[PDB]
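Asks: Take a look and give me a structure for this.
(chains A and B, ligands or ions: 4)
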Number of protein chains: 2
Amino acid sequence: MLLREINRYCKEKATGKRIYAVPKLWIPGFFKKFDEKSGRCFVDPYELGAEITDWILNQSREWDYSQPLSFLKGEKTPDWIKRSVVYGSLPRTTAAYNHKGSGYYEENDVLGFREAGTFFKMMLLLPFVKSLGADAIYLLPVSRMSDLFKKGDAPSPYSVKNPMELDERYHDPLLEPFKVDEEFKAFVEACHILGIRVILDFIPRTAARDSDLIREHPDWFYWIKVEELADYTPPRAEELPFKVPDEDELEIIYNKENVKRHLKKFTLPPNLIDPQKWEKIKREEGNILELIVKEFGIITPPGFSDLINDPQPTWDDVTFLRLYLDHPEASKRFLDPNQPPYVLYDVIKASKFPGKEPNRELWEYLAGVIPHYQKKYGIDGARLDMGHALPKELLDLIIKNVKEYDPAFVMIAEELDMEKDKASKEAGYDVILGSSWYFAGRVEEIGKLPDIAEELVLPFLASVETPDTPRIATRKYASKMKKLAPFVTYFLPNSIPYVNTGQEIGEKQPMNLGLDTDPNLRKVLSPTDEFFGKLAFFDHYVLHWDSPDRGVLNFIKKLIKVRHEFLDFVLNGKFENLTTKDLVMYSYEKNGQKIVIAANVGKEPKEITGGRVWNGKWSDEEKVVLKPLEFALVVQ
Amino acid sequence: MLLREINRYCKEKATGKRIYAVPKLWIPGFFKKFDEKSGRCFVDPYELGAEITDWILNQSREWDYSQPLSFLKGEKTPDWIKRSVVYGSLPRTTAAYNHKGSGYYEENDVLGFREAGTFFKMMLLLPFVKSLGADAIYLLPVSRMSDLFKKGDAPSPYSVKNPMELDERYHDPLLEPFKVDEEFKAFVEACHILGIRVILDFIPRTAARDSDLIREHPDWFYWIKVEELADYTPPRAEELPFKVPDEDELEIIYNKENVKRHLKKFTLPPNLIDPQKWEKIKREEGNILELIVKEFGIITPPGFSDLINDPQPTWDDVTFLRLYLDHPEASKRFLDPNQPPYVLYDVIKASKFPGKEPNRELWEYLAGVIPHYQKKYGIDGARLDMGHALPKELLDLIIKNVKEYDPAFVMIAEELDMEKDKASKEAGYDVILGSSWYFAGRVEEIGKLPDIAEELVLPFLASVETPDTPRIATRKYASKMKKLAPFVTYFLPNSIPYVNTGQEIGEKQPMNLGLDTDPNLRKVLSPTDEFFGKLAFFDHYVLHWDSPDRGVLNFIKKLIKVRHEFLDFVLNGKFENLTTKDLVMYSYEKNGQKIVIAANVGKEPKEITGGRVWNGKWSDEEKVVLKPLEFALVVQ
Ligand SMILES: OC[C@H]1O[C@H](O[C@H]2[C@H](O)[C@@H](O)[C@@H](O)O[C@@H]2CO)[C@H](O)[C@@H](O)[C@@H]1O
Ligand SMILES: OC[C@H]1O[C@H](O[C@H]2[C@H](O)[C@@H](O)[C@@H](O)O[C@@H]2CO)[C@H](O)[C@@H](O)[C@@H]1O
Ligand SMILES: OC[C@H]1O[C@H](O)[C@H](O)[C@@H](O)[C@@H]1O
Ligand SMILES: OC[C@H]1O[C@H](O)[C@H](O)[C@@H](O)[C@@H]1O
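Replies: Numbers count the residues shown, from 1 in each chain, chains lettered A, B, ... in the order given. Ligands and ions are numbered 1, 2, ... in the order given. Below, you will see the structure:
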């Protein structure tokens, strides 16, 4: 058993030399073998790894923890997610730390340590994650990432070079005798033993510009002449609306001169251009895309939004997969015969403009990616990205295969529109991402959340921030909102509390400027901060474990614990909205008992019925006076 | 002849495919083979390289341009520097550009291009440099750099891993058939043909933490126990002044408990610790320092200032060379017998606290580094860094060897104190760095420059900014000072006009926060600027060639040209200071003629005698009225 094999190894390597730095919050209460200098602590990584793996292994019964927890629990439905508390993480960032204990962070240092996040360090953090009250860890893509077309010194986890392989960088040199796939398997075993479920992330529609799939399936990709790389951009039609074009608009679009030049930038796959040349390079050493560019003078194109007139820039680190062998049915009557496969708004949203010939071999591969993870490591659920673009038949196959192996498997839709819950449910999903963080961060918008949640037909991840948005600690009235926002949000109907990595220590710097973000957030840190201006998605970044917001850390732990103490109300009580202009408020009544969630977002204090009151601490008073930006849970 | 060999190769590879992006300012007037899209231009790198090398080769006579220009001119003195105009550059930055023409910069891209600066691109820029009026190019260290203990994704040019080798990264993959040493030699040949002198930079006192010199001379370095790495810092003595300690202070220092713990952190070289082990690893593959740390558990220490109580942080990317075999003479009576070699304020300034046993073999090596460059590539001069710390005998040997080979060779002292000119001259130097940029950027300080320059006994580099200071374009009243400051400065007595790379296009972002810098300068660029927050010394950085300050570019060219038109006055005219509170002014009289340099830094306009007046343009008026922050050169 790998987790035990790793424990055995650590005990073997133990030496007592404390030269590996970790922030004090990473040291568990039971661990005493460490030196403390300058705020941080030093340990023998093997003693820390041995004692924490012991702590974990001692709680194991004698089942096989390499399969989904649902198996050990005998569950046949994804109902468990409704009682879970999720911690979201980009392992590379969550577990990054300068182990030298001085100077600047380095991906790998002279002492032999990998300061970047590893699956082994994610294991060491398990006691910390568990202390937050989380019982499910959601991870951003950990598949092999492409190192081409990067925006910084680190690749985006969404630039997937191989869906079936984990990125070797998650391997930790401390565990030389082990392989990355084994470290991950061990990581999931440790989670399962602790009752923690694992949810991964996949993006079927796209691939890295130099995807490993190119050598054996060069025809599953699109190609353009290198000469056309520099000015390759989505052809605009300013007279038309900013949106995904409909059928009628296509006729207009296809007659525009700029679209016609666009269509002419494409070529046939390298295998169909020079069969002999292909075979030659196809079996050559070096980056496959660099070989194709040099030998054939063609390259995969960068991706771009499927909405016409979208002002966002092209996605240079990814490209689209060829979902159909033929061009979209409704567009064929506008193409010159012999038109090679091309990318345009319609081809991207295959769900709306499909061809008559599905690329079955690709479809099968795609529908076998998650099951490969369920069977190999026993993951418990997954988030599917860009599902809007997938044909219904391909999405159905993908879900059938995972549910076939484990009917308790939770499928999470990357659906930000909380009004699209009905459609997501109809698509086969079990949970929706939603956009609660947008309202939770605005005093003038937070009161809309109660009705929004109540109307859902699927549970949602109740977040106050995600990897793509600004941190809650940087929103207006942050000092108050960093506690008020999660309180109101985590208690909503149909909620699955979500804790974003770093949120628990009041992290300010955003990880990415994706959704609802302002470039000025790039400068919330001090110009003297080693990580000033850096975005975790594209650059090496270490969260501020050495200077955490302890007030937020403590409140979050207590909030999750109290919320769980009353979980039965949230899940089965009768809900009633009591929100007013100045007061966001609602209640849950059950078996004659009732709890009330309240938060004052007005300019003047307000009073409400008392009883036993919680606001971080428990008190008892008949009346509760909520000054502006104060809140409380009232138990009557 | 390498320059011709490279020209031959470019013509061979020429194909006419324009996919290599360069900013329009890089295209010479004579070059027409380029496409222009989105502000930037695209070329076939081989056609650009062929036509520019042709342009250069066509101006060559039939001499050997691989030796110093002084040889071809028959000069026996370094007098030429007094008539020169210097362009200062960090090739890695000056010649960096995203050749894909879209997306984000990459050290090396999928098209096969090296976007980082290369000696081949420095050759292509030669027509541009020449258009500025510069006739000498000064380069920051281009020796092989260490990749350990970096502050960003790029190494500091001062982290010298091998003084005798050029860093392989300056090689350009376009010239596959050539070696880096050949590209550099060719670069210097092209400069010499164009009349441009080459000045390099060396730092004898220090070395990278993992210097290549370690395998054969592990004993030329200091060593400390890894266990002591994290808290290794210069022992403070707050009761003592912030300065380099004198003799008396040493007795106190050596009796402090913290200094005593410091002394105990050191060990003997790995060769003296385990002779057999050394021989084993000494012949192993891998980073020599990583092997030593793992096998012996010791490491070279990071450097630090020789001034006690200095608030600056340790220099983790460099370490000190062992200049003496014994401990400093004046400190021996304070050491425990068997004290291994250690680093302390006194050991660092070997010039002040020397031992009785010079490390002759090291001294010889050091004194052979520059001559290796003179003989191999024919460089014309050099700047020596940290000369304050070198024993007089070692500095004398170093200068004797270069002067022995070429008596016209120019030695530049890294001396910022313009009052230390007499001492620098007495040390054997020919030029001093000085600190004019500090006064030139302050309206309340600029008037002191005239007397300061006049008193010099050696010429100085008249700069308004250097790689270590803020850009002149970010000082107060920048829009005016970016032209007024260089005007006043370039005409000073004993001046050698200095143009900092990027200054010519009004660059704002600093390259380094070294001298006189404020961390807030780190944010002068837009948060949307791809290079926001980056410092060229430690990170990949591309100057803003695509959005240059054309007004500054033009003025600088005209200023250097007019200054040279009157060079005889500056060099041989009689100087007279005429500066007042509100008016910085001075004159040069020669052969009955006189020119006057004037700049109004007051709050009210001022009038002065006219004649033929230059202020960017030539005019003729009997009286000149200088409003605040206006200037003029008056020819009477
Ligand atoms: O490298 C692809 C893409 O990654 C990021 O965007 C992600 C986003 O964070 C996910 O939540 C999901 O929506 O997929 C997106 C891309 O598929 C970066 O923000 C983006 O710049 C980058 O191109
Ligand atoms: O890596 C050494 C050091 O390099 C830089 O400082 C240079 C400085 O720029 C030079 O002008 C000269 O004074 O030598 C210095 C170091 O020898 C960086 O500023 C510094 O952080 C770094 O440690
Ligand atoms: O399966 C992908 C898509 O299916 C449905 O269209 C849902 O409305 C949407 O939320 C989901 O992303
Ligand atoms: O040779 C190194 C040093 O020599 C003299 O001390 C000079 O005063 C100083 O400017 C120089 O740096």
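
Asks: show me where the stretch 151-300 of chain A has strands.
Replies: With DSSP state E, counting those that start in this stretch as the criterion, the stretch 151-300 of chain A has strands at A:160-166, A:197-202, A:206-208, A:224-225, A:298-299.

Asks: need the contact list for residue A:98.
Replies: If a contact means C-beta atoms under 8 Å, 6 or more residues apart in numbering or on different chains, then residue A:98 has A:21, A:104-106, A:115, A:542 as its contacts. C-betas here are computed from N, CA, C, even on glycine.

Asks: ok so, going back, let's have the strands of the stretch 151-300 of chain A in a markdown table, adding mean neighbour count.
Replies: Shown next, in a markdown table, are the strands of the stretch 151-300 of chain A (neighbours: other C-beta atoms under 10 Å in any protein chain shown):
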| stretch | mean neighbour count |
| --- | --- |
| strand A:160-166 | 20 |
| strand A:197-202 | 22 |
| strand A:206-208 | 24 |
| strand A:224-225 | 19 |
| strand A:298-299 | 24 |
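
Asks: could you dump those to TSV with distance to ligand 2?
Replies: Formatted as TSV, the strands of the stretch 151-300 of chain A follow (distance: least, C-beta to the nearest ligand atom, whole Å):
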stretch	distance to ligand 2
strand A:160-166	34
strand A:197-202	39
strand A:206-208	35
strand A:224-225	43
strand A:298-299	38
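
Asks: For ligand 3, what's the nearest residue on chain A?
Replies: Closest residue of chain A to ligand 3, C-beta to the nearest ligand atom: residue A:387 (2.6 Å).

Asks: before we move on, the earlier item: got TSV for the strands of the stretch 151-300 of chain A, with distance to residue B:337 too?
Replies: TSV is the format used below for those (distance: least, C-beta to C-beta, whole Å):
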stretch	distance to residue B:337
strand A:160-166	56
strand A:197-202	61
strand A:206-208	63
strand A:224-225	75
strand A:298-299	69
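
Asks: Next to ligand 3, which bits of the stretch 401-550 of chain A? Give me the list.
Replies: Within the stretch 401-550 of chain A, the positions adjacent to ligand 3 are A:413, A:415, A:420, A:423-424, A:427 by C-beta under 6 Å from any ligand atom.

Asks: Now rank these by neighbours and give me the top one.
Replies: Of all these, residue A:413 has the most neighbours under the rule other C-beta atoms under 10 Å in any protein chain shown, reaching 26 neighbours.

Asks: hang on, residue A:88 in a helix?
Replies: No: residue state for residue A:88 (DSSP: H, G, I helix; E, B strand; the rest coil) corresponds to strand; a helix is not indicated.

Asks: count of neighbours near it?
Replies: Residue A:88, neighbours per other C-beta under 10 Å, totals 25.

Asks: wait, doesn't it sit right on residue A:469?
Replies: No: if you go by C-beta atoms under 8 Å, residue A:88 and residue A:469 don't touch, sitting 11.7 Å apart.

Asks: if we can go back for a sec, could you export the contacts of residue A:98 as TSV, including distance to ligand 2?
Replies: TSV is the format used below for the contacts of residue A:98 (distance: C-beta to the nearest ligand atom, whole Å):
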residue	distance to ligand 2
A:21	21
A:104	11
A:105	16
A:106	15
A:115	20
A:542	20
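
Asks: Leaving out the residues flanking it, which one is nearest to the residue of the stretch 201-350 of chain A found nearest ligand 1?
Replies: Ligand 1 sits closest to residue A:315 of the stretch 201-350 of chain A, with a gap of 3.9 Å, by C-beta to the nearest ligand atom. Using C-beta to C-beta, 6 or more residues apart in numbering or on different chains and skipping residues adjacent in sequence, the residue nearest residue A:315 is residue A:303, 3.9 Å away.

Asks: I figured that neighbour was touching residue A:314, is that so?
Replies: Yes: between residue A:303 and residue A:314 there is a contact under C-beta under 8 Å: 6.8 Å.

Asks: Neighbour count for those two, which is higher?
Replies: Remark: of residue A:303 and residue A:314, residue A:303 carries more neighbours, 22 against 17, as counted by other C-beta under 10 Å.

Asks: Could you write out the alpha-carbon coordinates of the strand or helix carrying residue A:400 in PDB?
Replies: Using DSSP states H and E, the element containing residue A:400 is helix A:392-405. As requested, the backbone C-alpha atoms of helix A:392-405 are provided in PDB (Å, rounded to 0.1, in the frame of the first residue of the first chain):
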ATOM      1  CA  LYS A 392     -25.200  16.200 -26.500                       C
ATOM      2  CA  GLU A 393     -24.200  12.700 -27.600                       C
ATOM      3  CA  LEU A 394     -20.600  13.200 -26.600                       C
ATOM      4  CA  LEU A 395     -21.600  14.700 -23.200                       C
ATOM      5  CA  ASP A 396     -24.000  11.800 -22.600                       C
ATOM      6  CA  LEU A 397     -21.400   9.200 -23.400                       C
ATOM      7  CA  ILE A 398     -18.900  11.000 -21.000                       C
ATOM      8  CA  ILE A 399     -21.400  10.900 -18.100                       C
ATOM      9  CA  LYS A 400     -22.600   7.400 -18.800                       C
ATOM     10  CA  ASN A 401     -19.100   6.000 -18.600                       C
ATOM     11  CA  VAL A 402     -18.300   7.600 -15.200                       C
ATOM     12  CA  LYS A 403     -21.800   6.800 -13.700                       C
ATOM     13  CA  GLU A 404     -21.400   3.300 -15.100                       C
ATOM     14  CA  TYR A 405     -18.400   2.700 -13.000                       C
END
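
Asks: Quick one: list the elements packing against it.
Replies: On a contact count with 3 or more C-beta pairs under 8 Å, 6 or more residues apart in numbering or on different chains; DSSP states H and E, helix A:392-405 meets helix A:360-366, helix A:369-377, strand A:381-384.

Asks: Name the residues of it that are buried.
Replies: With burial defined by 16 or more other C-beta atoms under 10 Å in any protein chain shown, the residues of helix A:392-405 counted as buried are A:394-395, A:397-399, A:401-403.

Asks: Return the member of these nearest to chain B.
Replies: Ranked by distance to chain B (C-beta to the nearest C-beta), those are led by residue A:394 at 29.5 Å.

Asks: Nearest spatial neighbour of the closest one, chain-adjacent residues omitted?
Replies: Leaving aside its sequence neighbours, residue A:394 sits nearest to residue A:363 (C-beta to C-beta, 6+ apart; 5.2 Å).

Asks: That neighbour - how many residues pack around it?
Replies: By the measure other C-beta under 10 Å, the count of residues near residue A:363 is 19.

Asks: these two touch, right, it and residue A:396?
Replies: No: contact criterion C-beta under 8 Å: residue A:363 and residue A:396 do not qualify, at 10.6 Å.

Asks: In stretch A:561-568, which residues are buried?
Replies: Buried residues in stretch A:561-568, counting neighbours by 16+ other C-beta under 10 Å, are found at A:562-564, A:566.

Asks: I should have written stretch A:227-246 there, sorry.
Replies: Using 16+ other C-beta under 10 Å as the test for burial, stretch A:227-246 gives A:228-230, A:232, A:234-235, A:237, A:244-245.

Asks: do the same with stretch A:105-120
Replies: Judged by neighbour count using 16+ other C-beta under 10 Å, the buried positions of stretch A:105-120 are A:105-106, A:109-111, A:113-120.
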